[PDB]
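# Notes for the structure review
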Amino acid sequence: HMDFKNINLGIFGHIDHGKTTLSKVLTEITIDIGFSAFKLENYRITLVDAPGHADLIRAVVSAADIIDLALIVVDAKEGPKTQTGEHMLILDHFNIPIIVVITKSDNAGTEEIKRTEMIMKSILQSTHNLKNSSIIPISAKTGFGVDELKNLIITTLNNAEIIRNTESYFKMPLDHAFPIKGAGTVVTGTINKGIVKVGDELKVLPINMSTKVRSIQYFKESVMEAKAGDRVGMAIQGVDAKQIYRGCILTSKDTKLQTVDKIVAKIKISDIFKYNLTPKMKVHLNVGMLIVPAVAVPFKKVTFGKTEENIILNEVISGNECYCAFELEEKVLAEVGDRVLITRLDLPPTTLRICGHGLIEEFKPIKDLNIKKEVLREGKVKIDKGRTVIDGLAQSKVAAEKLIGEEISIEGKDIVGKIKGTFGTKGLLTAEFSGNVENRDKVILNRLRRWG
Ligand SMILES: Nc1nc2c(ncn2[C@@H]2O[C@H](COP(=O)(O)OP(=O)(O)NP(=O)(O)O)[C@@H](O)[C@H]2O)c(=O)[nH]1
Ligand SMILES: [Mg+2]
């Protein structure tokens, strides 16, 4: 017959915004994630039903790595609520195509739908990748425009660039695992990269055991081979279902995966203004399917003409370099280039909880990055009759004497000099610099410091 294409479709939104009901209406043609399937044209669509509740947002994050498309639901009448945004954020950081779906249109008037419709359009424009994503009102109960919703899901998939990675090693996470006996265990999960054929030897991590694929169940059917993008049921032998829990990852023996403690990421910030750069900060880092508490130290990479140095952020977010050395409390399974998600989940469900996202560049501890502090103190040149004295670099005599012999330039005048001695008990300074110095000139003291 015809060749089908394997598609994962997310469904996100606030609690009671009509996710599940939309799910059921699609399937026929929430603590954990829901899993279902339906066909549209030659698209085999495996539905990922995300939990609305905000204590379950761990599931929501972990529902993103799988999907190539999503539906964000929002009640017509009461419009977007708090979770609607974090789901929106999450998908936007991970560059997942969305279709905003306005549910419960039968419970609202034309006016109230148009309002909420526009409110969404306003919001979508405040997001990087989701800038303009279609919007349809539907009623799952009434069937209103459900027909269109499907025709859109088709169009969207026809446009979106879906890259199945067959080439790299087999890499697949494990959602649920349930036993049969001591010599067998069945694990489910959608395949990230690579290929598996029945009777292959793979391995569970982080526990690092070696098992063999007895069965591939895909789409309620037993097949010899599975590919990346397929959500498969998998029976393997050489492990008990007890050892395998939420964070386990099934992959081949050529894997690039590593169990990691220290992470260095290239961080982009979600909302600037909610963002703060006070280093050595306590957050909850999302890697893979886990959430590990962490400490982050933001920094930038500035070439000084010879050697590139890692400089603790000067608080300027101008230019896109907010690298972040993470140090995790627990361990985590990661690879280079894996998208990382910085969250603060300590907060109430009522406030946006995403402290940003980024690509993992290196696995490296803060200590070996050679972190350094850009150090600037600013004084003024005060000149009386026959004497030049710099003021403001030092508050007292000791502070001043410690400064003697440092580097000093004058702002805007392209001139250099050196600070020789201390003048006064109030911490003034003397210097020998190039001539043509003037009163009320600006003196910029510059040096590199050991940070923390
Ligand atoms: N009139 C109407 N009611 C709807 C529609 N979709 C959902 N509802 C109602 O909304 C309520 C919650 O629906 P549900 O799909 O379970 O929401 P959910 O997002 O799955 N809940 P959760 O976030 O807990 O998983 C139910 O009372 C359901 O009947 C719809 O299209 N029309
Ligand atoms: Mg539900």
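The rules behind each value
Residues numbered from 1 in each chain as written, not as in the entry; some residues may be left out. Chains lettered and ligands numbered in written order. Heavy atoms only, no water. Helix = DSSP H or I, 4+ residues; strand = E, 2+ residues; numbered from the N terminus. Rg over C-alpha atoms; globule rule 2.2 N^0.38 Å. Buried < 20%, exposed > 50% of the residue type's maximum accessible area, 1.4 Å probe, protein only. Areas by Shrake-Rupley, 256 points an atom, 1.4 Å probe, with all protein chains shown as cover. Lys, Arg positive; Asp, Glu negative; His and termini not counted. Charge placed at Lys NZ, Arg CZ, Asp CG, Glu CD. Salt bridge = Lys/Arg side-chain N within 4 Å of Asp/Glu carboxyl O. Pairing = 2+ DSSP bridges. Axes fitted to C-alpha atoms, helices over the stretch in contact; angles between N-to-C directions. Contact = heavy atoms within 4.5 Å. UniProt positions renumbered as here; feature names shortened; annotations may be inferred. Arc of directions from axis to C-beta. Near = heavy atom within 4 Å. Polar contact = N/O pair within 3.5 Å; in protein donor to acceptor, adjacent residues only side chain to side chain. Nonpolar A, V, L, I, M, F, W, Y, C, P; charged D, E, K, R; others polar.

- As documented in the archive entry, the model was determined using X-ray crystallography at 3.340 Å resolution.

## Overview of the overall build of the chain
- For the chain, the count of helices and strands is 7 helices and 28 strands.
- Against the 2.2 N^0.38 benchmark of 22 Å for 452 residues, the chain shows a C-alpha radius of gyration of 29 Å, more extended than a compact globule.
- Principal-axis analysis of the C-alpha atoms places the extent of the chain at approximately 95 × 60 × 35 Å.
- Put simply, the chain has 452 residues, and 47% of those count as buried.
- Summing over all exposed atoms, the chain offers an accessible surface of approximately 23200 Å²; the carbon and sulfur share of this is 49%.
- Charged side chains of the chain number 63 positive and 56 negative; the gap between the two group centres comes to 5 Å.

## A closer look at the pattern of salt bridges
- Enumeration according to the criterion identifies 19 salt bridges in this entry.
- For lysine 413, the salt bridge identified is with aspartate 441, shortest N-O distance 2.8 Å. Placement of the pair is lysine 413 in the loop between β25 (407-410) and β26 (415-423) and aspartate 441 in strand β28 (residues 441-450), with a sequence separation of 28 residues.
- Beyond isolated ion pairs, a larger network of salt bridges with shared partners links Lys171, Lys193, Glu335 and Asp338.

## Quick word on the sheet that holds strand β4 (residues 69-75)
- Taken together, 6 strands build an open sheet; the order of strands is β2-β3-β1-β4-β5-β6 and the sheet is mixed. The two strands at the open ends of the sheet, each matched to only one other strand, are β2 (34-40) and β6 (135-137). Going across the sheet, the axis of each strand differs from the next one's by a mean of 25 degrees, ignoring polarity.
- When β4 meets strand β5 (residues 98-103), the two strands line up parallel, connected through 6 bridges. Following the sheet pairing, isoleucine 72 is matched in β5 by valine 100.
- With respect to the sheet, helix α3 (residues 82-93) is in contact with β1 (5-13), β4 and β5, its orientation differing from that of β4 by roughly 165 degrees.
- Where helix α4 (residues 110-124) meets the sheet, it contacts β4, β5 and β6, and its direction lies at approximately 160 degrees from that of β6.

## Observations regarding the sheet that holds strand β14 (residues 231-237)
- Judged by pairing direction, the sheet is antiparallel, and its 7 strands sit side by side in the order β7-β15-β11-β12-β14-β9-β8 without closing on themselves. Two strands close off the open sheet at either side, each with one partner strand: β7 (171-173) and β8 (177-181). The sheet shows a mean angle of 35 degrees between the axes of neighbouring strands, taken without regard to direction.
- Pairing of β8 with strand β9 (residues 184-190), which is carried by 4 bridges, proceeds in the antiparallel orientation. If you follow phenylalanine 178 over to β9, its bridge partner there is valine 186.

## Some words on the UniProt feature "binding site: Mg(2+) 1" (unreviewed entry) in the chain
- UniProt feature "binding site: Mg(2+) 1" (unreviewed entry): in the numbering of this structure it lies at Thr20.
- Secondary-structure assignment places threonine 20 in helix α1 (residues 19-27).
- What makes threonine 20 partly exposed here is its relative accessible area of 29%.
- Excluding anything up to four places from it in sequence, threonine 20 contacts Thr30 and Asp49.

## Structural notes on α1
- Along α1, the residues that are buried comprise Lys19, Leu22, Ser23 and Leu26. What you see down the axis of α1 is that its buried residues fit within an arc of 105 degrees, all on one side.
- Where α1 is buried, its residues touch β1, β2, β3 (43-49), β4 and α5 (146-159).

## Some thoughts on the site of ligand 1
- Taken together, 15 residues lie near ligand 1, and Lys19, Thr20, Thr21, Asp106 and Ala140 sit nearest.
- One nitrogen or oxygen atom from the main chain of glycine 52 is found 3.5 Å from an oxygen atom belonging to ligand 1.
- Taking 640 Å² as the accessible area of ligand 1 by itself, protein coverage stands at 72%.
- Its residues assigned to classes, the shell around ligand 1 shows 2 nonpolar, 8 polar and 5 charged.

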